[PDB]
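To keep things clear, I will list the structure first and then write my remarks on it.
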Amino acid sequence: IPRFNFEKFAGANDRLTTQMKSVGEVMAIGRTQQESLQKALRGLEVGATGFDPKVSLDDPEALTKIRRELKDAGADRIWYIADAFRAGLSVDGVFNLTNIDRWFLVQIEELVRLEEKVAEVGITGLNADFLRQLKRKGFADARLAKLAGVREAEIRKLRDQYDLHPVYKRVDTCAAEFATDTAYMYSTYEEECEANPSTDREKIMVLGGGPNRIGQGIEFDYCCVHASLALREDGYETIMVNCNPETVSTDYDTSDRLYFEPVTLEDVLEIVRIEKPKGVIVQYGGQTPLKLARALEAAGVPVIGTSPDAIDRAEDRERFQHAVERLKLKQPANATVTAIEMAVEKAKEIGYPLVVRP
Amino acid sequence: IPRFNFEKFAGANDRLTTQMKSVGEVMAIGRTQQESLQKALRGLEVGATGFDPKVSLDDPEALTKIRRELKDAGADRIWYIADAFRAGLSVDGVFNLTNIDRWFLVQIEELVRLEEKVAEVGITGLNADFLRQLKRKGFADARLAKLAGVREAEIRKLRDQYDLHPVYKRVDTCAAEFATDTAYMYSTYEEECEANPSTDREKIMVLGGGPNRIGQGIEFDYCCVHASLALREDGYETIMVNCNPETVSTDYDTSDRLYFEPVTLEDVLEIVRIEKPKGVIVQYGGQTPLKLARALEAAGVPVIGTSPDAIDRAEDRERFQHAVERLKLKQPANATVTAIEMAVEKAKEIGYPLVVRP
Amino acid sequence: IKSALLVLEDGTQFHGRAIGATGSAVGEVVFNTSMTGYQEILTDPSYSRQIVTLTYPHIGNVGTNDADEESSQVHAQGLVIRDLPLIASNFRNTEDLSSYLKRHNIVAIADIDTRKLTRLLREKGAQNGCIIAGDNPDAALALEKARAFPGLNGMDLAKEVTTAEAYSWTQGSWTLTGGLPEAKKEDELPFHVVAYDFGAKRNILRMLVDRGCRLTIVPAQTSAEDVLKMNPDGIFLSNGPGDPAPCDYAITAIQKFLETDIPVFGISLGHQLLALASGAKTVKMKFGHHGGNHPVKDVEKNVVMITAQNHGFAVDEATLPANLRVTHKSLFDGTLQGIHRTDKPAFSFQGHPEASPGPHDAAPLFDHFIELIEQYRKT
Amino acid sequence: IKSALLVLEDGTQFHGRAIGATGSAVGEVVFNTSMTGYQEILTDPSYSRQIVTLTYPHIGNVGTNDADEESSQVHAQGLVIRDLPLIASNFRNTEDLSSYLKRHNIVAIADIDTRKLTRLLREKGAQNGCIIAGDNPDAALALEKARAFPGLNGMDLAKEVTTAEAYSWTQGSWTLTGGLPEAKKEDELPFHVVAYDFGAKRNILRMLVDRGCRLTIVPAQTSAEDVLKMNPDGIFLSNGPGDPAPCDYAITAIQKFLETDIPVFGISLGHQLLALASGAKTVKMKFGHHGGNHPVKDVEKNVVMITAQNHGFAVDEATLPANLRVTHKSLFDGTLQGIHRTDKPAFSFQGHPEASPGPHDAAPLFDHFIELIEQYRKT
Ligand SMILES: [Cl-]
Ligand SMILES: [Cl-]
Ligand SMILES: [K+]
Ligand SMILES: [K+]
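Chains as they are written, first to last, in the authors' numbering: chain A, 359 to 716; chain E, 359 to 716; chain F, 2 to 380; chain B, 2 to 380.
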């Protein structure tokens, strides 16, 4: 799935054409297309958890907006396709506008219908069979949580209760016809697991940044690669977690073990759960892993290097302002303004010109 | 189907609710719901020929209107439902907005699909089998003509060619378990005909006015009935053609033969085809039958009383003035204008205040 | 395109569409005027060897469901309809009509002028026929099968539909809230009734249970001796297909019961058998009674009931023995509908008090029965 | 919920869903790596008595069609897939896969861990199995049937799929634009090839015809004598199911033809029969070769061709009589793929030059045949 950055180019024509406009791409592997597609959606780093809705069901103009988005593709087309199904458009109706083969469309439609059931039965309806079913289709704990109006952690926990965890398959070029000595893996919800983690080596996990985007380029990947090469050379067993198909970090050669998965809390915890690494590196992949720092630690993940709290102290303006202060360091005069007038006055205080960061 | 008159109440709220706002109703009988329904639409006297479209397929906004018309029913909903299916909405989508049971909805979708094939294959594709399947579903020759891009009379002529005519069944209260000596019929495209017209009598056919509307009330029905009663008593075999369920004209006791059909050229002609009446009355049932006079007459139908020509002479603004002019009578000063600036000057001529008739 | 064809003995052809299994069906053709209740109808054993034509145009509107089966299987030999709707639309539905048909391996055709058929059957009387659903249905072949059918007159179908071995029945009627109940317990039902299975409908069973009857359902050919040995509170003569006349074993066994003071109750065929056992005569009707709107007069009380009917034969009123009194007549044709033994605790009804499908107007017929069995127990 | 279950000889159970006929299926379980071509696979007689497992998860994407059938029926004993798509989406589709399976009465299961299955077969070799599709699949029962399976070793299947009586074939290859072409007039085909039907795929015939061959297909057990009498320009030994070894008749006839100068060419099974008839030895592979991505090197020319393979047995390379020269070997495993008689105009190939499904890389094998024929006629 390509990664775009239209939000950084306001006056730009944001419709897709023959000239590329994308700035990166994510890749996902699944036993099925649905599973594959959904994992890619959650791996895109756009905040989606899968088919998050774009228009309100109560919007009187919804079908008209949907239609345009469909008929004239932009970056969000994919989500609009799911909206169309929620709004009452048929597979033939969607086909006609998008020219996307019905073979794919029916699958998206089926996932929507599954979502309607989740919404209807709520967390209560989330029995083992149903949940397993949903997981097999690629649903993220986060997407199911939103549908059942609970926290993501609640869905995860439920999986833990049911002993509902994914298994890992390996990439091998030959559909299992021959064995592999490489550990290039992907998660799926199935029977047999091919992970066979070692008990031997002390392990270090390196979290990648997912798809490239403006501001989150190859620079961060170069770092992930060097962390892996160095620690491995040093004797550690190096495990890489990433899903960018264009990178050296996702080259099986780069590390001891490669999990080609979305860099998300849900996907990472599953890995950790079975690898039980000595440490996990979240500072090398950009914003993507950086934001999972707290939740990872909170789930008992062994995060190495600068603490998640430490990271926040630097990332939170306020926390940062104190530190500076405590340090007796110079920083531009600032001020959080709520209201407009509160702003025109504060501004006077600060003095012009002004750097308005929301 | 109910008949409304919102156009006469421009400032009125036209959404359907628990307080009635219809002014009449039409009824139809068919051997299948599809047939019954289409027959009712063409007998409704609103100018429909079946599911004529309300919006255009190439309106960016069409879906917004369709959504509104479906969610909050007005008198036109039945038409928007078909527009909905032409626009890619599914049965469930429509269900969701209307709450109209899907058993009825699938049948309307099917008709649209068929209409799509007709538009597609055109007149040339109107082969006997196809033509017959269409008639069987209640399609009006006029609806088919619109879809194929031809005149209604072309379709008619074609049916004539394939010798494709309806048969007449009888209402008997008991699903044919017992014979009936009453002649209360309706048309259908089936095998056996139960009309069994007399060869005996001098027949007089009276045409009713369909559903009652403002201006076209019971007064017209009353005349129709009187004609039937008087002539029957005089010894003629009386034939009533009408589809207003509320009236006396449609009570089987009122005439020797009752055809519970839409008062249309198509339906009327099929009746004349087999009854071979001595005469037909078109001046009693109001605007409905009157508008049919010229065409009936052109088709060879024996119209009695004041000729369609003579009727036209009075109803034709020009012809009339001509005749008034001719008899040496007074009529107010008048003129035909086209442009506004035209009126303004003509008005000057005529002298306020004015009567501006569209 | 899936072709189907109906051909009657007389040569009349009906060209339509296959909606069931591919193959051939042959038997007596009949018409039923029920606007609802098709499943129940198909599953009624009385329709054994009968090709059923439904007069109501749209058949299959509410799909099908277990609760709606009046027997283990579909007894109709074939199904004739005007239109099979695009979808089934009803909360209770579990399988659409076509599928159910194919499932039960039934040959069925739609899209024919059922009105013409009915009028023909009414005017000229019942006819045998054959339906061929298949790639290129051979009219000539259909016609021979039609002509070769031996006819239901003189045909004992009860022996073909009854159960092999006897059995207990203790399950009550279905309800909207609960659905089909759970089988009661034997100590839960005061009376013990022996029910001769001449191809009995479940509802009859369910309704007796509802009245507190623990049932023992036996094979048609069960001896009186073998029955009496059960000390029954009452005996019940089921409904069933074909001619009653050829069921010697039953007329005989009943004859027996008539010597006793045990309460006897029959419905339809049972009614006919009871009459046979009393020395009355039976005739095959012109086209019979099949529908759920038939008015039947309780002559005793002068009241009308709207009933459920499904019978090709009838008891001749003029052949009726002094020991049989007329309890009911049809308001549609004057035919005999119910009778009672002057001398015995025995009575029957030509229609179906248990409906399913149809009006519940005749359910009270069941009470008379109970009353008897009760008075018979005081003794 | 329509359950299906697959059990292997070893006790291993796979619980999934029924996608074909209700019933059971017993056979040798194999895995096939082909990403496209599932219909051609299923219609391959060489799959007789084998339960086929496809490694590519989505099976049925393109539905089915009659041009994609490699024979008159579905030869697979059963089908094991990971996922059956909601719809078939291809302009050539005439019937969805499930419907097609039902029609062919094939027991199929979907929704199982096919990769697990595949890894098991690879690691532990072929195993017999049973698939049970129905209401309550009894696992102990499945296990039983699997275990009771005789096995394909020493089992002659060629005799079971062979044509009853001889016949003529003059039809060529399908084209995008023309589809399956009309059969040619005998006069239009220069050569006459006599073909032994050991369970021949239609595409072999089609492709030979494309090359100017008019064919006469004969039962597997046809005698050399009866064959020589026809005056064949060439003799073709088809592909087929089971053990080639138990086919004494064929081996015997083949030997008879070799004393002659007639060109001989076999494919897969026919390749082993030739080998045997020449004194070679055949073995049954651990799991075999089934897929369409198999590298095969032509050792004379030193080139590689990607091929379609379908075989459970092989010809031993170390036992080759001196009259047999090695022309091709598998690049995946070095196993024997081709042989040519050093003294006779007889040769063969273990894979499928006719693909269907698969890469067209090996087509040229046929060409050599033709050449031999043309030169046999020059005499
Ligand atoms: Cl017909
Ligand atoms: Cl499994
Ligand atoms: K027909
Ligand atoms: K499974």
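Heads up, the beta-carbon is just placed ideally off N, CA and C, and yes, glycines get one too.
Is residue i near ligand 3 - that is, is its Cβ less than 7 Å away from at least one heavy atom of it?
i	result
F:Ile132	no
Any heavy atom of ligand 2 closer than 7 Å to the CB of residue i?
i	result
A:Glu549	yes
Compute the beta-carbon to beta-carbon distance between residue i and residue j, rounded to the nearest angstrom, for a pair I have assumed lies under 8 Å.
i	j	result
A:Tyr610	A:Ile387	So it is not a contact: roughly 13 Å between Cβ atoms.
E:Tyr547	E:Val529	That belief does not hold up - the Cβ atoms of E:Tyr547 and E:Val529 are roughly 18 Å apart, past 8 Å.
B:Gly241	B:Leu337	About 18 Å separates the two Cβ atoms, so there is no contact after all.
F:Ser35	F:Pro358	6 Å
A:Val599	A:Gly566	6 Å
F:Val219	F:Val228	7 Å
residue 1 of chain B	B:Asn66	The requested residue 1 of chain B does not occur in the structure, where chain B is confined to residues 2 to 380.
With a threshold of 7 Å, establish whether the CB of residue i neighbours any heavy atom of ligand 5.
i	result
F:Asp344	Ligand 5 is not among the ligands present in this structure, which contains only ligand 1, ligand 2, ligand 3 and ligand 4.
Is there contact between the segment 396 to 408 of chain E and the segment 425 to 432 of chain E, where contact requires at least three CB pairs shorter than 8 Å? no
The segment 437 to 456 of chain E: positions lying closer than 8 Å to chain A by Cβ: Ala445, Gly446, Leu447, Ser448, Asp450, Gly451, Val452, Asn454 and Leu455
When a residue counts only if its C-beta is closer than 6 Å to some heavy atom of ligand 3, which residues count, in chain order? F:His16, F:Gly17, F:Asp112 and F:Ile113
Contact between the segment 128 to 141 of chain B and the segment 7 to 25 of chain B is defined here as three or more beta-carbon pairs at a separation below 8 Å; is this criterion met? yes
Indicate whether the contact test is met: 3 or more Cβ pairs, each with one atom in the segment 164 to 180 of chain F and one in the segment 251 to 259 of chain F, closer than 8 Å. no
Should the segment 72 to 81 of chain F be regarded as contacting the segment 41 to 55 of chain F, the criterion being three or more beta carbon pairs within less than 8 Å? yes
Which residues of the segment 385 to 399 of chain A have a Cβ closer than 8 Å to any Cβ of chain B? Give them in chain order. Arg389, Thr390 and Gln391
Report yes or no: do three or more beta-carbon pairs, one from the segment 475 to 483 of chain E and one from the segment 505 to 523 of chain E, lie closer than 8 Å? yes
Check whether the segment 383 to 397 of chain A and the segment 596 to 609 of chain A touch, using three or more Cβ-Cβ pairs below 8 Å as the test. yes
Check whether the segment 15 to 33 of chain F touches the segment 93 to 108 of chain F, taking contact to mean three or more Cβ pairs, one atom from each stretch, closer than 8 Å. yes
Measuring CB atoms only, is the segment 309 to 318 of chain B touching the segment 369 to 379 of chain B, in the sense that at least three cross pairs come out at less than 8 Å? no
By the 9 Å beta-carbon criterion, what residues does the segment 465 to 480 of chain E contribute toward chain F? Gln465, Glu467 and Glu468
Is the segment 552 to 559 of chain E close to the segment 572 to 583 of chain E, with three or more CB pairs under 8 Å? no
Could you tell me whether the segment 619 to 630 of chain A touches the segment 652 to 662 of chain A, where touching means 3 or more Cβ pairs closer than 8 Å? yes
Beta carbons nearer than 7 Å to chain E: which residues of the segment 412 to 425 of chain A have them? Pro418, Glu419, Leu421, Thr422 and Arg425
Residues in the segment 613 to 635 of chain A having any Cβ partner in chain B nearer than 9 Å: none
Within 7 Å of chain E by C-beta, residues of the segment 87 to 101 of chain F in sequence order: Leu87, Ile88 and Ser90
Decide yes or no for the touch test of the segment 268 to 275 of chain B against the segment 199 to 206 of chain B: beta carbon pairs closer than 8 Å, at least 3 of them. yes
Short of 8 Å Cβ to Cβ, which residues in the segment 48 to 63 of chain F face chain E? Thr56, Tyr57, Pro58, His59 and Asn62
Check each residue of the segment 107 to 129 of chain F: if its Cβ is closer than 7 Å to any Cβ of chain E, include it; give the result in chain order. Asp114, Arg116, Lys117, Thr119, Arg120 and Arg123
Short-range partners of chain A found in the segment 75 to 86 of chain B, where Cβ spacing is below 7 Å: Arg83, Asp84 and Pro86
Near-chain F residues of the segment 489 to 516 of chain E - C-beta to any C-beta below 7 Å: none
Could you list the residues in the segment 675 to 690 of chain A with a C-beta less than 8 Å from some C-beta on chain B, going in chain order? none
Which residues, taken in chain order from the segment 520 to 536 of chain E, show a beta carbon closer than 8 Å to some beta carbon of chain F? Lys527, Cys532, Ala533, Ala534, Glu535 and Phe536
Three Cβ pairs or more, each shorter than 8 Å: is that satisfied between the segment 497 to 511 of chain A and the segment 619 to 626 of chain A? yes
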